[PDB]
Every structure is written in structure tokens, then in C-alpha cells.
Amino acid sequence: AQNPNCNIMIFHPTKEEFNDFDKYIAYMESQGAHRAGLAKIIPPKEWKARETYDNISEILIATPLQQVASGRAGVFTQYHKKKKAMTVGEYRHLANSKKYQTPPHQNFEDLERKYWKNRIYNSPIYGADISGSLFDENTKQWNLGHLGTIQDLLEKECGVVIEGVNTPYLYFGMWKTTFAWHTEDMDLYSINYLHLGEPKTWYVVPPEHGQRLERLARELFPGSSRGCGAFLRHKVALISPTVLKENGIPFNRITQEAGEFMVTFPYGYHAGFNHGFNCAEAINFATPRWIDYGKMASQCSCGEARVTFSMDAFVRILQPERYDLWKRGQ
Ligand SMILES: Cc1ccc(/C=N/NC(=O)Cc2nn[nH]n2)cc1
Ligand SMILES: [Cl-]
Ligand code: NA
Ligand code: NI
Ligand SMILES: [Zn+2]
């Protein structure tokens with residue numbers, strides 16, 4: 001078996017290998033990449049997402065989110081407080097202000113130490129989940145707005161035609177903006193391109209060990225666990241690498257820099273943070289190997305994890321026994 005220790009693998013496709021997206025995902029899996037839950041893909045030197053980022057300041061962040069923490073430095077939740085709309089230009093200025101800017105630091109490891117020491121004492125503002133794309137329409141390779149849809153994948157694999165659409169999202173980040181521990185909706189894949197700016201550090205648990213993380217989370221967030229059998233779906237819980245190590249949870253870490261893609265694999269729990277002002281684009285996708293994960297994915301039915309209407313058909317077809325209860329939650 002390839003990659004038995006579940007290490008995060010880094011790939012350097014040639015321009016020829018970058019033509020056929022599905023084929024390259026399958027290639028990475030043939031090398032065991034999925035065992036880690038996360039892979040990095042460095043595009044060929046000839047490729048670009050768009051010509052420049054000089055013209056993006058007028059994008060609107062209609063509902064910036066202030067990420068307010070509670071708990072202890074290494075075990076905390078965050079809630080999102082809505083703020084007034086701002087443009088990307090205004091957001092960049094805010095990110096670079098003395099209150100919010102990245103502190104002096106020696107290297108990525110020093111910055112990581114500062115993040116876990118101090119994150120809870122600040123409330124950064126995140127411009128997350130903005131429907132849109134920054135890929136040029138003429139970019140033909142790895143354009144996240146031109147991938148095969150999950151609806152077409154399900155139809156091709158299972159013969160069922162379903163409603164729903166699948167479009168990318170933009171994320172504008174600043175120092176300390178945080179993504180909580182989660183898997184994707186229906187345990188889908190995700191792909192993530194860091195268009196510009198400062199890095200994003202990722203933590204990931206191998207899919208084969210996801211239940212270990214779930215068990216620890218139930219111990220560490222006992223009230224939340226009583227409220228919902230899939231509370232990690234709420235995307236609010238953080239556990240530091242130190243706490244994971246103390247509890248024997250298998251995980252890996254890596255930092256993504258501008259110009260790099262990250263793929264998360266079905267049932268790969270991940271979390272992380274932004275180093276400073278940046279912009280990422282991401283979308284969920286499926287392959288034939290996803291179907292059996294989608295069939296088995298846990299669901300939140302407590303009300304908290306409201307999601308896109310495109311997930312209706314996925315639950316309805318893949319999880320008919322669970323559908324009525326999940327729908328009540330929506
Ligand atoms: C197009 C474009 C490309 C790169 C950037 C980088 N910006 N880097 C910071 O702003 C550093 C910082 N972030 N928070 N505190 N300091 C901006 C625009
Ligand atoms: Cl700090
Ligand atoms: Na490891
Ligand atoms: Ni994710
Ligand atoms: Zn729930």
C-alpha cells in the first residue's frame with residue numbers, strides 16, 4: 001500500500017499532466033496521496049490563474065465575519081459576528097492596520113507558535129464564502145469555475161439526474177482568521193487555490209483516523225456533543241497541534257503559499273489559519289471514489305449546520321433513510 005504513514009504529499013505536474021484534472025486526481029491517489037487527507041499541487045511554471053490581481057479592490061464582502069473565540073488557547077470554539085459590508089480594498093487596509101496586522105516573527109514556525117498562544121485574545125475579521133471566481137475565463141487548466149459538477153458525477157455513476165449547481169467561493173483572510181475542524185459537506189473533496197497574499201497553514205487528520213478526532217472532540221466539547229451527534233459539522237471547534245499530540249491523534253501540517261493548490265480528500269478532517277491578508281478560492285468536487293463516502297457521511301440534523309440547497313439531492317439519493325430527519329434540520 002502506498003503512503004502507509006499517511007504523509008502529506010506534494011506534486012509538481014508538468015503542463016501536459018495539468019490538462020486532465022480528473023486523471024491527475026486519480027494519479028495522486030494511485031500514489032497514496034489521499035491517505036493523508038490533504039495534498040499540495042504546485043502548478044507548472046508556465047501556468048497562471050489570471051494575468052494580474054491589480055483590479056480586485058472593488059469586490060464586495062457583503063457580510064464580513066468577526067471570529068470571536070471562547071475556551072482555552074488550545075481548545076476553543078469560535079462564533080461569527082456579522083459586520084457591515086466592505087470592499088476588498090477596505091478589507092485589505094483593515095487587515096494591514098496596527099490592530100489586525102501580522103506581528104513581527106522569525107519564520108512560519110514562530111508565527112504558528114504565536115497563533116496558538118494568542119489567537120483566542122483577538123477577534124479577526126474574515127471575508128469568507130463569497131460566491132465568485134478570480135480565474136480568467138481563458139485559463140483552461142485547473143480553473144475552479146470550470147470543473148465537472150458533482151451533480152454530473154452522481155448522474156454518471158448512479159444514473160440519477162438531479163437538480164442543483166456547484167460554484168466556487170472566494171475567501172479574503174487576515175492574520176489569525178481561522179477555519180475550524182471539519183470535513184466537507186457529504187464528505188466531498190475540496191480544492192483550494194491561494195490566489196494572492198500571505199500563507200495559509202493547514203492541519204489534517206488521515207481519513208482512516210477521522211473517528212479518533214471525533215472521539216476527542218466529543219470529550220473536549222461535551223455540551224456541544226450532547227446537542228448534536230455531528231457537531232463538528234457546525235464548523236466552530238478548534239484543537240491545537242499540542243493538544244492533538246497530547247491525546248495521540250494522528251495528524252499532519254503544511255503551509256500553503258500563493259500560487260499553490262491544496263486538495264482535501266473525502267473524510268479528511270482539516271483546520272487552519274491565515275498568516276496575513278490573502279485571497280483563496282475553493283470549491284467542492286467529487287470523483288467515483290467519493291460515492292461510498294457520500295453514502296456513509298454523518299449528518300447534522302440539529303439545525304445548526306444549515307447548508308446549500310444543492311445538498312438536498314445528495315442526501316435524498318445517497319442517504320434516503322436519513323433524509324426526512326436531515327430535512328427537518330434544514
Ligand atoms: C495583490 C496582492 C498581493 C499580495 C498582497 C500581500 N499583502 N501582504 C500583506 O498585506 C502583509 C500583511 N497582511 N497582514 N499584515 N501584513 C496584497 C495584494
Ligand atoms: Cl500574536
Ligand atoms: Na505524521
Ligand atoms: Ni474545508
Ligand atoms: Zn448539529
Side-chain angles (χ1 to χ4, degrees), residues 37-39 48-59 69 73 87-106 108-129 134 144 168-205 207 210 232-238 256-259 261-285 297 305 307:
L38 180 69
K48 67 181 72 167
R50 67 177 304 108
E51 175 65 3
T52 84
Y53 294 89
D54 287 341
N55 298 299
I56 71 171
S57 290
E58 319 298 315
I59 293 172
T87 66
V88 166
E90 294 169 334
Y91 180 87
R92 180 174 63 220
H93 190 264
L94 183 66
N96 292 163
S97 68
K98 294 182 189 179
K99 182 172 179 62
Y100 293 109
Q101 69 179 219
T102 314
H105 58 281
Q106 296 281 355
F108 293 169
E109 288 187 3
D110 189 31
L111 195 67
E112 178 187 41
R113 272 192 307 272
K114 290 173 181 286
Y115 174 86
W116 290 107
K117 187 179 167 177
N118 300 316
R119 158 67 185 97
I120 61 169
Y121 301 112
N122 299 85
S123 298
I125 297 166
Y126 204 3
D129 298 323
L134 287 172
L144 297 192
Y169 294 92
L170 302 175
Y171 300 79
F172 294 91
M174 67 169 63
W175 167 233
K176 282 172 176 169
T177 55
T178 300
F179 54 108
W181 281 106
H182 67 289
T183 63
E184 304 305 305
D185 291 341
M186 292 307 287
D187 296 343
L188 284 155
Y189 296 72
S190 71
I191 181 161
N192 304 264
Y193 183 67
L194 189 56
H195 278 285
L196 67 92
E198 305 310 317
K200 185 183 299 280
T201 291
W202 298 72
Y203 303 92
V204 60
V205 174
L232 290 176
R233 290 290 167 201
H234 303 172
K235 306 184 38 177
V236 302
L238 280 301
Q256 176 192 21
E257 298 187 83
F261 290 90
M262 307 297 294
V263 167
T264 78
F265 295 87
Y267 196 62
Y269 274 102
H270 54 283
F273 65 90
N274 297 308
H275 290 207
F277 174 70
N278 64 18
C279 173
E281 180 168 342
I283 196 176
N284 294 126
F285 71 94
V307 76

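Read the numbers this way: they start at 1 and go in the same order the structure lists the ligands and their atoms. Sequential numbering from 1 along the given sequence is applied to the chain's residues.
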Could you label the plane-to-plane angle of the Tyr115 and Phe273 rings as parallel, tilted or perpendicular, counting under 30° as parallel and over 60° as perpendicular?
parallel
By residue and atom, what protein N/O/S atoms are less than 2.8 Å from the Ni ion (ligand 4)?
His182 NE2, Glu184 OE2, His270 NE2
Taking the side chain as every heavy atom from C-beta outward, state whether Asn278 and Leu194 have any atom pair closer than 4.5 Å.
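SC-SC contact between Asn278 and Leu194 confirmed.
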In the structure I gave you, are the side-chain heavy atoms of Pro103 and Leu111 within less than 4.5 Å of one another anywhere?
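Yes. Closest side-chain heavy atoms under 4.5 Å.
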Does any N or O of ligand 1 fall below 3.5 Å from an N or O anywhere on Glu198, backbone included?
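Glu198 vs ligand 1: N/O contact under 3.5 Å present.
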Polar proximity ligand 1 side, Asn96 side, N/O cut 3.5 Å exclusive:
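Checking ligand 1 against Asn96, an N or O pair does fall under 3.5 Å apart.
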[atom] [closest protein heavy-atom partner, distance rounded to 0.1 Å]:
atom: atom 13 (N) of ligand 1; value: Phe277 N, 2.9 Å
atom: atom 2 (C) of ligand 1; value: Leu196 CD1, 3.9 Å
atom: atom 1 (C) of ligand 1; value: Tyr53 CB, 3.9 Å

Closest heavy-atom pair and its distance - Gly210, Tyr269
O-CE1, 3.8 Å
Is the number of heavy atoms from other residues, nucleotides or ligands under 6.0 Å of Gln101 CD greater than 12?
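More than 12 heavy atoms, drawn from other residues, nucleotides or ligands, come within 6.0 Å of this atom.
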Among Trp202, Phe265, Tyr189, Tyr203, find the one that has a ring-ring contact (aromatic ring centres under 6.0 Å, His included) with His270.
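Testing each of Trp202, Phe265, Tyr189, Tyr203 against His270, the sole residue satisfying ring-ring contact (aromatic ring centres under 6.0 Å, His included) is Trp202.
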Give the atom numbers and elements of ligand 1 that come within less than 4.0 Å of a heavy atom of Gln101.
15 (N)
Numbering the atoms of ligand 1 from 1, which are under 4.0 Å from a heavy atom of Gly197?
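Ligand 1 atoms under the 4.0 Å threshold to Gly197: 4 (C), 5 (C), 6 (C).
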Any idea which part of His275 is under 4.0 Å from ligand 1, heavy-atom wise: side chain, backbone, both or neither?
neither
Between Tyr91 and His93, does the ring centroid distance fall short of 6.0 Å?
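Judged by ring-centre distance (under 6.0 Å), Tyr91 and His93 do not meet the cut-off.
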